[PDB]
Amino acid sequence: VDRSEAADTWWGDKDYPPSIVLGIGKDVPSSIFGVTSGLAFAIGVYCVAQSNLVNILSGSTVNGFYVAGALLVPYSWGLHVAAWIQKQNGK
Amino acid sequence: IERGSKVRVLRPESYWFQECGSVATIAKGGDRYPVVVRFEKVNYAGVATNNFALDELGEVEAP
Amino acid sequence: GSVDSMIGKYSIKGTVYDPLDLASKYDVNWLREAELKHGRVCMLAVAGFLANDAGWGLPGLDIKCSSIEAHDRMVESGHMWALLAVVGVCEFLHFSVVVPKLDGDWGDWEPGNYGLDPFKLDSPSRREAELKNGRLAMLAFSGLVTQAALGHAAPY
Amino acid sequence: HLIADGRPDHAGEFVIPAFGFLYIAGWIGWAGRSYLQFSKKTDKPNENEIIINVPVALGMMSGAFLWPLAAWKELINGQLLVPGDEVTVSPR
Amino acid sequence: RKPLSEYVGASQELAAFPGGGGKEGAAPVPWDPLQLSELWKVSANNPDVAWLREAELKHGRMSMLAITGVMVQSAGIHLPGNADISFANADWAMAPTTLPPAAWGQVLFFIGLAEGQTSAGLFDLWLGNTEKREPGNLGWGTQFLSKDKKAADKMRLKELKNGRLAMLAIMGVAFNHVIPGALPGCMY
Amino acid sequence: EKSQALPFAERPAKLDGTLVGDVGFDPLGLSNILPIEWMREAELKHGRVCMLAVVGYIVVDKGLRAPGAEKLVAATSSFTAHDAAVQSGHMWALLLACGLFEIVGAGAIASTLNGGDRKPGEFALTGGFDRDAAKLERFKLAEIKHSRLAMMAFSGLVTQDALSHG
Amino acid sequence: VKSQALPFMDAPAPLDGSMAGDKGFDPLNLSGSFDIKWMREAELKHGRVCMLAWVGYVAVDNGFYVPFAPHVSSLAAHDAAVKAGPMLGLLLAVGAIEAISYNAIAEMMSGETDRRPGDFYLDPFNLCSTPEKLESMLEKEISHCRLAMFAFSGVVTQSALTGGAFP
Ligand code: CLA
Ligand SMILES: CC(=O)O[C@H]1CC(C)(C)C(=C=C/C(C)=C/C=C/C(C)=C/C=C/C=C(C)/C=C/C=C(\C)C(=O)C[C@@]23O[C@]2(C)C[C@@H](O)CC3(C)C)[C@](C)(O)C1
Ligand SMILES: CC1=C(C#C/C(C)=C/C=C/C(C)=C/C=C/C=C(C)/C=C/C=C(C)/C=C/[C@@]23O[C@]2(C)C[C@@H](O)CC3(C)C)C(C)(C)C[C@H](O)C1
């Protein structure tokens, strides 16, 4: 990326971001964003609880699937901010 | 703005920037800074007077 | 909405019984509605007190107890919870119809007219009898509970 | 060893002395500010700054006892914090 | 911005004396010794009276549900149970400490969803812009408000008074549960 | 004016007779809060689920079994067939089929909420009965009445079977 | 338009009869949601992998082997080949092609090249000469891609379930 090849993403004069900030997901609807964010939050919190709260983590018990699903919790935050942005942009 | 009026200085480099001063004299033609604003807050040099243009002053109270 | 244009005055003398002048201090339609509901509840309550003390049956029931101390034991058993649920549903319907109306405009609801008229037994004299019997039921049930809770029981 | 963590068992170590000092320092600053507000309107504020008008200075010092209500009143009326659009500022 | 005087919060209890002039539970003027409603004039950082009323109604509603829960739970009333869950606990402070997480995990996260889905334009309320949002008007059962202005104001005033009273009650029991001896004569 | 089902209670704002089976019955006013198309799709779905559920319950209780279901080793009272079938793992097949159809259901409800003009519950699965619009309206009102009956019918059936514990 | 295979709704915007195998089947708007060139390349890649997977699974289960093989059923053949080693060599060999595919996808989606998804210009005998041949073979390829996806899913699930013979 250079100075020239960069989208006009400033939105200080407006009430919501342009959808272009979402990049590859600039067209996925707010419904999909919200549903995926909710599923991601539920699955990730389930994974974290099953990994460290319901069970005690250890060298012989660390689970790759739970570890990977934990990363869906921040993805859930991003998806919910995205859902709000697309709802405000009208998609 | 008007002689005997209280005017807020808007010159960025002034010691009295965003502060009030009493206008004592406005000159005719000539001077690029016709207004003569008199203050009571001496600057670092010690002077309490300076010449300003009409655009560098904003009236707050009239005579 | 005034006490004067209502059924339930003194029968023979015809005057309104409001010595303390409480009709003007609150929505008169609310007064009529709550009077009718209190009278009906106390009619049912004194009838049920008399029946349960008599030992009149209760279809499908298990336990036998005197009505004075029946409340705690049926609460423990769990029938009064179901009675509470049914009463709550009915009184939530009455909530929905009446509350949006206190200190307001009773659109047409005639205080006390729940439309529960399948047999077509409505009449003005019967409304007067309803009110009088309800009030006397209130006083009589007061006497019943106060006397039963102090020993004295049976026919009292 | 004085325990300054906010537990009320050890309030007397810091919390009560802290409130006492805060009240006293507020009294001091309010007396100073109110006397300055008086002096700025005097015909010779520069000379009043050196030569204190003691009869009214005593009055301001006495009246600063109720500073928390007086400062709140000036805050609400908007006569405490001058708008910054009216304070000298150096060229950024 | 809409001033405090147009809000349904006046209480006759404060203006209850010779010359008070209050009627129908409402004083002629609102109560604000520390003029926190009018603090927005000093700066926009503060919330407007719209936000303050929203927060007041939220606190009142939560406190009323809270004190009702405290009373009923301490009275011994409890729900049915299974081998997984037991709702039998009189201490209202540790009652949630002793029920399965789905239980309190469904209380939370649904309170969390509703508080957040109903909240739209609350920052406009902070900036005192009630263009399409009445404070406290989540839309839950708004049909039961009387169409008459007088009756509607009376009902909202009753709500506000009960909320304030329950906030005082719930915090009294809280502040005598912790720091014992705050509220004298408290049952809990 | 006043509700057809509740002449003492005012008509809800949204309920106006556009949706078949409307008699203005909504004391709680949840219609005014939720979109209404979602609600009527939910009503159709609940109705269809309970309509099929009553038939499945009665045929399984009577003695009818599916091809090979005799080895599912249920108590044959349906009452346990749920536990037996999830233990045997065949209800996961039902879950997969229902999710396969519910992907399309989500797409369809999203379409009609977006503006596709699909009526709620429409899926073009008609058995050649969309020939006449009046007949289609009559059948839709039949389906909604049967739904309203079948929800409570299944409720009563399962509750009575549970009280029997047979 | 009003979609085929869902005759009670309309196909999402990308589906307009532009590409092969466009039966108007995308109820969730999941290709109007994200660029359909990536979707088509993913579909094609899945299909090719599953074609090769099914035919290799069937061949190994029937008895087709290499000059040095563990000579094991195709289910455990993964573990046997990994423990032997050459599976990792296959990983490197396909990783080279996949890095070149990273490049190709980037140019195709950016617009530096007019590349169709899943088009590496592998045409030794010019079997797609005229456009009619092009769409006919693309249609056949996509139909086989989907069918082989299903075929390998069924084969591998059934084999992991019962552990029986070829079928
Ligand atoms: C009239 C009293 C007065 C008041 C109301 C304030 C107020 C303030 N000063 Mg202080 N200041 C004062 C006098 C006063 N100053 C004097 C005389 C000096 C010169 C030594 C300073 C030097 C000074 C500095 C260098 C700084 C402040 C700062 C501040 C701020 C923080 C408070 C603090 O930490 O004070 C600190 C207090 C002192 C350093 C000593 C104060 C001196 C005495 C004890 C008080 C004067 C009382 C006066 C004699 C009263 C006469 C009234 C009577 C006739 C009725 C605040 C705006 C700080 C700031 O900008 O924060 C944002 C900061 O950096 N002040
Ligand atoms: C859902 C839907 O669609 O529609 C619904 C939604 C909608 C609109 C919200 C509806 C509503 C209204 C609802 C739900 C209202 C609920 C109201 C509720 C729950 C109100 C409690 C008050 C409690 C107080 C004031 C307690 C004081 C307590 C005090 C002052 C005490 O002294 C307590 C005490 O402990 C101390 C401090 C000392 C101890 O010694 C013991 C005692 C006991 C003395 C409708 C109409 O239902 C329709
Ligand atoms: C007022 C009011 C309401 C209310 C109310 C409340 C709280 C209502 C409560 C009602 C309740 C609790 C009603 C119980 C009845 C029990 C019966 C009929 C038992 C008969 C039992 C009989 C006749 C027994 C007979 C026998 O013993 C005999 C004689 C001799 C034996 O040989 C045979 C047997 C054993 C069988 C509404 C309506 C809900 C809403 C409205 O808004 C306001």
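Chains as they are written, first to last, in the authors' numbering: chain r, 43 to 133; chain e, 37 to 99; chain Q, 31 to 186; chain f, 93 to 184; chain F, 51 to 238; chain J, 36 to 201; chain H, 30 to 196.
Think of the CB as a built atom: it goes at the ideal place given N, C-alpha and C, for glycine as much as any other residue.
In this structure, what does DSSP give as the bridge partners for residue i?
i	result
J/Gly162	DSSP, once it has assigned bridges, lists no residue as partnering J/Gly162.
e/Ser58	e/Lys42, e/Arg74
e/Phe53	e/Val45
H/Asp39	H/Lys31
J/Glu45	J/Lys37
F/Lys73	F/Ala76
Between residue i and chain F, is any beta-carbon pair separated by less than 8 Å?
i	result
Q/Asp152	no
Q/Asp102	no
J/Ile68	yes
If we cut at 8 Å on Cβ distances, does residue i have a partner in chain J?
i	result
F/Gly189	yes
Q/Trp139	yes
H/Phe63	no
Once you ignore the five residues that flank residue i on each side, which residues in its own chain have a CB closer than 8 Å to its CB?
i	result
H/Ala113	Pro99
r/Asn97	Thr103
F/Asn212	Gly110, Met114
H/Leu73	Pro146, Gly147, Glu170, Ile171, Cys174
Is the closest heavy atom of ligand 3 to the C-beta of residue i under 7 Å?
i	result
Q/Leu74	yes
Q/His124	yes
Q/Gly87	yes
Q/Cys95	no
Q/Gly78	yes
Q/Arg165	no
Between which two residues does the alpha helix (DSSP H) carrying residue i extend?
i	result
Q/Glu106	100 to 107
r/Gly80	72 to 90
H/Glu127	115 to 139
J/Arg83	72 to 97
Q/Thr176	154 to 178
F/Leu163	160 to 167
J/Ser66	65 to 68
e/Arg68	First-last for e/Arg68: undefined, no H or E at that position.
H/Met178	160 to 191
The beta strand (DSSP E) that contains residue i, what's its start and end?
i	result
e/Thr85	85 to 88
e/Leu93	93 to 97
Between which residues of its own chain and residue i is the CB-CB distance below 7 Å, once the five residues before and five after are set aside?
i	result
J/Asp165	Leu171
e/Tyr69	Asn87, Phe88, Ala89
Can you find a CB in chain Q that lies within less than 8 Å of the CB of residue i?
i	result
residue 14 of chain F	In this structure chain F extends from 51 to 238, so residue 14 of chain F is not present and cannot be described.
J/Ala197	no
J/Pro62	yes
Between residue i and ligand 2, is the CB less than 7 Å from at least one heavy atom?
i	result
F/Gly186	no
Q/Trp111	no
F/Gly222	yes
f/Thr180	no
Return no unless some Cβ of chain e is closer than 8 Å to the Cβ of residue i.
i	result
f/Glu178	yes
f/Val181	yes
Quick check: does the Cβ of residue i come within less than 7 Å of any heavy atom belonging to ligand 1?
i	result
f/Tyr115	no
f/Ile144	yes
f/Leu128	yes
f/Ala123	yes
f/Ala110	no
Against chain f, with Cβ distances strictly below 8 Å, would residue i count as a contact?
i	result
residue 136 of chain e	Residue 136 of chain e is absent from the model: chain e starts at 37 and stops at 99.
e/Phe53	yes
For residue i, would you say it is in contact with chain r, using Cβ-to-Cβ distances shorter than 8 Å as the test?
i	result
H/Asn155	no
Using a Cβ-Cβ cutoff of less than 6 Å, which residues in the same chain neighbour residue i once the five nearest sequence positions on both sides are dropped?
i	result
r/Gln130	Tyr58
F/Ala140	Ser124
Is there at least one Cβ from chain H nearer than 8 Å to residue i's Cβ?
i	result
J/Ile179	no
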